Amino acid sequence: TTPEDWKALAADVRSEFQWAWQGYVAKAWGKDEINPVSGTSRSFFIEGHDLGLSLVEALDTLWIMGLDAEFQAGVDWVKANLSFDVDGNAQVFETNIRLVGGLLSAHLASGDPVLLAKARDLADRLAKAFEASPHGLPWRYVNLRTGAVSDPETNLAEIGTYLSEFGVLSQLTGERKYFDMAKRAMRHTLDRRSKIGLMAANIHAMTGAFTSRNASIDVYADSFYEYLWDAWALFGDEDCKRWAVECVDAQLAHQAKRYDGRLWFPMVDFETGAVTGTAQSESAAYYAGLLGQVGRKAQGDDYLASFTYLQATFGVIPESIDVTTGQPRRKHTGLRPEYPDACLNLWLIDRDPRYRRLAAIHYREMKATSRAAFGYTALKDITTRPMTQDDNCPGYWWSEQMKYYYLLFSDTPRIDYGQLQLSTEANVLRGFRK
Ligand SMILES: O=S1(=O)N[C@@H]2[C@@H](O)[C@@H](O)[C@H](O)[C@@H](CO)[C@H]2O1
Ligand SMILES: [Ca+2]
Ligand SMILES: [Ca+2]
Ligand code: NA
């Protein structure tokens with residue numbers, strides 16, 4: 001057997017990323033997303049008022065890969081062109097994790113003050129969504145120019161995925177208000193945990209009350225649980241360290257369920273642990289890595305194995321599965337990053353080469369299924385051979401899985417792997433070595 005040449009595989013990831021970037025420059029320059037089958041662009045936040053989403057998402061990946069000319073071309077576009085004084089509604093959660101976080105990682109890589117100025121300007125526009133709630137729970141949408149808010153029927157992910165970006169803003173700016181605003185919203189829902197330690201995933205920004213009874217690790221909730229741990233790691237916050245482990249141990253006690261010998265975390269009633277759903281999202285795979293981070297690595301490996309089963313059986317992990325049968329519930333995909341997310345997070349603990357093996361399967365399968373004329377695309381149908389394609393490269397592809405693969409394979413000297421911290425959008429918030 002020829003041992004894998006990990007440096008060669010990293011160089012292939014870089015080559016493919018640079019090739020994809022060239023397609024973006026050719027077909028979608030300054031636009032939010034490329035449609036790489038048609039060779040066109042689409043808007044993400046505001047129809048017809050693109051904000052360079054994929055360009056911004058790509059920046060820290062480009063830098064980490066040593067694609068310096070490409071990085072600088074993107075940074076220079078941002079500095080000349082990007083602004084947020086726009087009379088249109090933006091989804092607060094998406095805007096923070098993609099644009100605030102993408103500008104912050106680019107700022108930390110480069111030192112360029114303008115990138116921080118723009119991140120902070122955008123955060124100040126998002127802050128109006130928090131200020132519009134007497135509980136500090138952000139409304140889901142805000143008008144970037146006027147501050148007008150819409151839709152208070154929100155969820156843990158959309159109230160609780162700010163503290164990393166906002167806390168880094170507080171560190172860099174010296175203004176504590178960003179950290180405090182993000183932490184306050186998380187504390188609100190944690191103070192409403194049931195006696196079994198769970199939160200329902202759906203919450204109202206104005207009443208402050210839960211609007212469902214369903215505890216979740218995936219839809220409506222995922223990154224809330226990450227950002228508790230990540231705030232301990234990034235800021236030393238004692239409360240978040242406590243909360244992170246309490247929340248995960250409640251989930252292990254009441255949501256961990258085995259079906260056909262495999263670990264899943266279906267939805268349960270947040271006050272009884274009784275099962276209220278049978279679906280698991282592909283996107284739940286982040287949790288395997290979080291389990292390892294919080295000191296539950298055997299459980300994290302067991303959960304990873306459930307997704308390794310889906311990859312081995314279906315090639316591409318189905319977008320959703322029925323835990324009771326282990327079979328797909330959907331045939332389309334979102335070109336999703338969570339399996340290599342988990343592999344990188346678990347690999348950062350002891351550098352076990354098994355995680356590299358598994359992530360290499362995932363990268364090669366992405367190449368075999370999602371490659372299109374001008375980049376990489378989400379899929380229409382994973383059950384046909386070949387798998388049929390839809391026509392969209394999601395913005396998160398630019399920040400997430402190509403970075404994950406590259407960090408797993410490259411051992412790049414541009415990252416201090418002991419200090420590396422990643423947001424839920426894979427924006428690097430600590431660990432650059434200039
Ligand atoms: O399942 S999600 O709703 N939560 C994920 C975020 O944490 C980011 O990783 C990224 O924007 C997408 C990756 O699939 C999100 O899809
Ligand atoms: Ca994520
Ligand atoms: Ca994480
Ligand atoms: Na990024």
Side-chain angles (χ1 to χ4, degrees), residues 32-33 44-45 53-54 56-58 61 91-102 105 140 154-165 201 216-234 240 244 247-248 265 279-294 296-297 300 303-304 307 316-321 330 332-349 362 366 370 376 378-379 392-404 407 420-431:
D32 285 339
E33 291 175 339
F44 181 87
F45 301 96
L53 172 59
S54 289
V56 172
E57 299 228 54
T61 310
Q91 192 175 357
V92 173
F93 166 83
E94 297 292 350
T95 302
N96 180 64
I97 69 172
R98 296 172 184 253
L99 291 175
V100 178
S105 60
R140 294 182 71 199
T154 189
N155 56 72
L156 271 31
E158 295 187 53
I159 66 77
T161 315
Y162 307 92
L163 185 51
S164 297
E165 301 78 9
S216 181
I217 72 152
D218 58 29
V219 64
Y220 303 125
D222 51 13
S223 48
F224 185 107
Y225 303 108
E226 289 179 283
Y227 276 26
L228 295 175
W229 181 259
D230 300 342
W232 163 244
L234 284 162
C240 290
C247 285
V248 164
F265 290 85
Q280 192 96 89
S281 182
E282 179 282 342
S283 61
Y286 81 95
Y287 190 73
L290 180 62
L291 280 167
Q293 290 181 289
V294 305
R296 306 289 178 264
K297 183 199 136 47
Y303 197 39
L304 186 71
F307 297 94
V316 173
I317 299 165
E319 197 77 0
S320 182
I321 64 91
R330 297 295 191 261
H332 75 283
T333 79
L335 184 45
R336 293 285 176 187
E338 290 82 4
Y339 184 85
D341 176 343
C343 288
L344 173 62
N345 277 273
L346 293 165
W347 179 89
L348 285 168
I349 304 307
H362 192 279
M366 183 198 77
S370 281
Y376 282 87
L379 303 180
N392 182 55
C393 184
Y396 48 74
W397 181 91
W398 294 91
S399 199
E400 299 207 47
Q401 51 264 69
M402 301 294 277
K403 183 183 291 120
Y404 300 144
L407 288 172
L420 174 60
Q421 288 285 314
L422 296 126
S423 84
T424 199
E425 193 77 3
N427 284 301
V428 172
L429 296 177
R430 195 175 66 192

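Atoms within each ligand, like the ligands themselves, are counted from 1 in listed order. We use all heavy atoms of the structure for the numbers below, so side chains are in, but hydrogens, waters and symmetry mates are not. Counting from 1, the numbers follow the sequence of the chain as shown.
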Exercise for the section: Kindly confirm whether the Ca ion (ligand 2) is within less than 3.0 Å of some N/O/S atom in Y286? Expected result: no
Handout entry: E282 touching ligand 1 at heavy-atom level, < 4.0 angstrom
Key = no
Practice task
Go through ligand 1 atom by atom and flag the ones less than 4.0 Å from a non-hydrogen atom of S283.
Solution key: 1 (O)
Exercise for the section: Output yes when a side-chain donor or acceptor of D230 lies under 3.5 Å from a complementary backbone atom of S164, and no otherwise. Expected result: no
Practice task
Determine whether more than 12 heavy atoms belonging to other residues, nucleotides or ligands lie under 6.0 Å from atom OH of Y220.
Solution key: no
Handout entry: Approximate separation, where rounding is to 0.5 Å, of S283 OG and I217 CD1
Key = 8.5 Å
Problem - atom 13 (C) of ligand 1 [closest protein heavy-atom partner, distance rounded to 0.1 Å] - result: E338 OE2, 3.1 Å
Practice task
Could you label the plane-to-plane angle of the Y303 and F265 rings as parallel, tilted or perpendicular, counting under 30° as parallel and over 60° as perpendicular?
Solution key: perpendicular
Fill in the blank from the handout: the Ca ion (ligand 3) has as its nearest N, O or S atom from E226 the atom OE2
Problem - Nearest neighbour in protein (non-hydrogen) for atom 15 (C) of ligand 1 - result: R336 NH1, 4.0 Å
Practice task
Examine distances only and state if a side-chain atom of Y162 and a backbone atom of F93 form a donor-acceptor pair shorter than 3.5 Å.
Solution key: yes
Practice task
Find all atoms of ligand 1 within a distance of less than 4.0 Å from any non-hydrogen atom belonging to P337, and give their numbers and elements.
Solution key: 13 (C), 14 (O)
Handout entry: Identity and distance of the protein heavy atom lying nearest atom 12 (C) of ligand 1
Key = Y396 CD2, 3.6 Å
Fill in the blank from the handout: Any heavy atom of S281 under 4.0 Å from ligand 1? The part involved is neither
Completion exercise
The answer for which part of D222 has a heavy atom under 4.0 Å from ligand 1 is side chain
Handout entry: Subset of ligand 1 atoms that lie under 4.0 Å from at least one heavy atom of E400
Key = 8 (C), 9 (O), 10 (C), 13 (C)
Exercise for the section: Under 4.0 Å from a heavy atom of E425: give me the atoms of ligand 1 that qualify, with their elements. Expected result: 8 (C), 10 (C), 11 (O)
Exercise for the section: Output yes when a side-chain donor or acceptor of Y227 lies under 3.5 Å from a complementary backbone atom of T424, and no otherwise. Expected result: yes
Handout entry: Pairwise side-chain contact, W398 with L53, heavy-atom cut-off 4.5 Å (strictly under)
Key = no
Exercise for the section: Before signing off on this row, confirm whether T424 and ligand 1 have an N or O atom pair separated by under 3.5 Å. Expected result: yes
Practice task
Taking atom types as modelled, find out whether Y396 and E94 have a side-chain donor-acceptor pair closer than 3.5 angstrom.
Solution key: no
Handout entry: Short side-chain to backbone donor-acceptor contact, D32 and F44, under 3.5 Å
Key = yes
Handout entry: Heavy-atom check, side chain of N427 versus side chain of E165, under 4.5 Å
Key = no
Handout entry: Distance-only N or O hit between ligand 1 and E226, under 3.5 Å
Key = no
Handout entry: Nitrogen or oxygen of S223 less than 3.5 angstrom from that of ligand 1
Key = no
Exercise for the section: Could you tell me whether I97 approaches ligand 1 through its side chain, its backbone, both or neither, with non-hydrogen atoms closer than 4.0 Å? Expected result: side chain
